[PDB]
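To begin, one chain is listed below as structure tokens, in the form deposited without the named molecule.
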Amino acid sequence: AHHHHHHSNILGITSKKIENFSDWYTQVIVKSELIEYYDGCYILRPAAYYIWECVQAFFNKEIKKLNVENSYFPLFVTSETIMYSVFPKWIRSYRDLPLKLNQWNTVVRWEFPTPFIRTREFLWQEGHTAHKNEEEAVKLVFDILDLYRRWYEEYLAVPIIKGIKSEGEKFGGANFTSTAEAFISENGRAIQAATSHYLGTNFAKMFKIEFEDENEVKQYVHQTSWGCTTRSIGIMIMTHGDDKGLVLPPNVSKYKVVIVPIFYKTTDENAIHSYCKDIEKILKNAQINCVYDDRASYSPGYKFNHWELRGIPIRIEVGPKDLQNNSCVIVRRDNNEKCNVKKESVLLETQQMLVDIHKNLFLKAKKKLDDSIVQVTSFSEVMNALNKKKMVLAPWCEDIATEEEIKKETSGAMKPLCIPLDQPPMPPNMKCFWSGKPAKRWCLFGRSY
């Protein structure tokens, strides 16, 4: 009957994030128990699906405050839902507006493949609304965009940049496409995090989606659509993961704490086991889910690595030194800092530490994001920035023809990510870094996914 003292190198992460990012990622997603391959479609195991559940609960609650109703439309065409053609059957009068719908979807197809990120398999939501006028639709587009900011920032501890897509990168049926953009600094790649579209009257004209207004004048509806996918999980993994494995923001971890007993003598086993159970009770009585790993066949050291790999935010260790001192050792996953905590203070310190882990994960990620943006004047400064795994903020004329030319001259190509909502001042005579006719606004450009 075998005792396992040492977690073998091969069962941990054998590639370093910075040195071999793609293999590092592959290893983390399987070894942390997020996903499992069947044969390259993958199963979302509970640790991944739990993250989706948490963001789904938050988003549902928030969209319901905006009177959005969930629904389910099963017919799709190549991916988009057959829906707008039905809207004339439901809308006659301003009293029928706004129409506000959302659905939670699941799709799998043959892969073409980085799980969560470049995949034909995902869970998502998409919302669709129709309003009596432009201002109400555009307000809603930006309200939803801020909810995406919160999904990322409050749940995944991922900072995003809000912006408007360039004409070449926006959805063809949209008047404008707003976006949340994320950036993975370790490989220099931007990735679109969520989208929120003002569709104007385009589909109303196609399907005769018209209503009688309050003045008895016929008008087109103004539409919106918006979506966010399990790509969000990938972004989170890539943002916080380290060389020991997965790191989970506490808000999307099922177990907040793992309790590990330390003892080598049978005379100590009962007191250790009992104290560990006291701590498990204290936390669970307080609605803090946790796991007490009391397996006899694995050493404490093995268990440390086992649960770090799984991304548990806090580990509490209990050894004989701790019984003697009425304490325990609390270890944070994010930065591996340890402290001794009195038994009576474990609840409060754990609560405070879960909040601080989230803050630290976010603030460190935001620093990396901010440090990844180089503001440039000229195309000659661009390649050095790209090669430093950066994206660039450049004054740009926003001429659609230039997007394919920028791509072509700089997969190694950089593309317009978004024109950020937050604009630095534009100096009086600033020229486009490409054109160079007068520059309109600053645009972010980068290599992408």
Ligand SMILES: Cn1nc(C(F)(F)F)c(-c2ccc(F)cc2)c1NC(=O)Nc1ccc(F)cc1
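Definition used throughout: the rigid core is the maximal C-alpha set that superposes within 1.5 Å between two forms. For every residue, the number given is its place in the sequence shown, counted from 1.
Root-mean-square C-alpha deviation from the shown form, taken over all structures in 8 other deposited structures of this protein superposed by the rigid core, is larger for 383 to 391 than for the alternative among 383 to 391 and 53 to 61. Comparing the two stretches 67 to 75 and 357 to 365 by root mean square C-alpha distance in 8 other deposited structures of this protein, with all structures fitted on the core, the more displaced one is 67 to 75. According to the entry, the deposited sequence has no residues without coordinates between residue 27 and residue 28, so the chain runs continuously there. Averaged over Cα atoms, the B-factor as recorded in the entry is higher for 435 to 443 than for the other of 19 to 27 and 435 to 443. Mean C-alpha B-factor is higher over 383 to 391 than over the other stretch, the pair under comparison being 383 to 391 and 47 to 55. Across 120, 128, 89, 165, the greatest Cα temperature factor reported in the deposited entry is at 120.
Highest C-alpha temperature factor among 400, 34, 418, 63, as the PDB entry reports it: 400. The entry lists a Cα temperature factor for residue 422 that places it in the middle third of the chain's modelled residues. Per-chain ranking of the deposited C-alpha B factor places residue 153 in the lowest third. Per the deposited record, the Cα B-factor of residue 306 falls in the middle third when ranked against the other modelled residues of its chain. Residue-level temperature factors show residue 84 in the lowest third of its chain, judged at the C-alpha atom. Residue 255 sits in the middle third of its chain by CA B factor, as recorded in the PDB entry.
Below, we turn to the form deposited with the named molecule bound, even though it does not appear here.
In summary, the binding site of this form is blocked: after superposition of the surrounding C-alphas, the named molecule from its pose in the deposited complex has 3 or more atoms within 2.4 Å of backbone or C-beta atoms.
Within 4.5 Å of any heavy atom of the named molecule in the deposited complex lies no heavy atom of residue 261. At the 4.5 Å threshold, heavy atoms of residue 230 reach the named molecule in the deposited complex.
At the 4.5 Å threshold, heavy atoms of residue 29 reach the named molecule in the deposited complex.
Interface membership of residue 143, defined by any non-hydrogen atom within 4.5 Å of the named molecule in the deposited complex, is ruled out.
In terms of contact with the named molecule in the deposited complex, the residue from 44, 406, 393, 385 that brings a heavy atom within 4.5 Å is 44. Checking 276, 91, 238, 160 against the named molecule in the deposited complex, a heavy atom within 4.5 Å turns up for just one residue: 238.
Heavy atoms within 4.5 Å of the named molecule in the deposited complex are found in exactly one of 120 to 128, 360 to 368, 209 to 217, 345 to 353, that being 120 to 128.
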